[PDB]
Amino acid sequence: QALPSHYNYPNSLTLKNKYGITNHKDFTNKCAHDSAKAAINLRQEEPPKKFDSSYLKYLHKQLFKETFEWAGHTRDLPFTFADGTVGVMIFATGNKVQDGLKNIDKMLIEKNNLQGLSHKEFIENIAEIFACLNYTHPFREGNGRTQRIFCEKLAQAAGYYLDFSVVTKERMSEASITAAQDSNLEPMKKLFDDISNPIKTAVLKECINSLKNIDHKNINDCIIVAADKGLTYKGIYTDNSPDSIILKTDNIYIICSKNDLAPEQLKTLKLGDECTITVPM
């Protein structure tokens, strides 16, 4: 019998791995390290001429070849381990993996690997590819690390630098869930806009480096987003970093540089108060 359980050690939720490690914490730590060493080397590599699922598979192989026998292989196809057993079987099921990869490949061909596009089209399309990869979940494990590097490389070849380190866990989760369940890509587009705009990335970075907590919660449990030029926000001034105010609105936190606000606007603000901020264009 091919079985999904043949991916794991007997009676365990630990994946079979080239380290022989059954302890889940120890396994996770070692995999994290091996794949982080591979990632740093991949970041420096020349990007490919064409971005497609074969490059995605290459990245997964490079990231996980020291960890998994199946590095570079997709989960829809049975995989035969060296021990003789065969494994099979975050949501596309079966043939849906191949369809998802096909659709991403078609998108990338049609949009010239996202090169030569307007900024708005670059954002709509990289967000859509990230969401499609989410849904496709083509690998047994390591999808997130592989998707991220793929998008980093894609952005690099198009002239942008992506900094995923300014995205909170809560922001990534809510953006991903909303894209998949409500078909709403707006949170994902805003995420990619922030992390590809060096000014917005720096605003978010200074916030993260200054504050462990926002509004009585760990910052990683808060959706924090950069303020956009031209927008008016109304909410509660809940926290203050040296450079920025933090405005709570519709359950999220807008990080607004004090450099973008006028003295008149600044004198107006008191921590805990409701306020209305317009960011100039």
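Sequential numbering from 1, following the sequence displayed.
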| property | result |
| --- | --- |
| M89-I90 interval: deposited residues absent from the model | 10 or more |
| 110 to 118 versus 135 to 143 - which carries the larger mean C-alpha B factor in the record | 110 to 118 |
| 98 to 106 versus 164 to 172 - which carries the larger mean C-alpha B factor in the record | 98 to 106 |
| Residue, from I177, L204, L77, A71, that the PDB entry assigns the highest Cα B-factor | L77 |
| Highest-ranked of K61, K212, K248, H33 once sorted by CA temperature factor in the record | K212 |
| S196 - Cα temperature factor, lowest/middle/highest third of chain | lowest |
| Relative C-alpha B-factor of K270, binned into the chain's lowest, middle or highest third | highest |
| Where the record places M188 (Cα B-factor, split into thirds across the chain) | lowest |
| Lowest, middle or highest third - CA B-factor, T67 | lowest |
| Position of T22 among the chain's modelled residues by C-alpha B-factor, lowest, middle or highest third | middle |
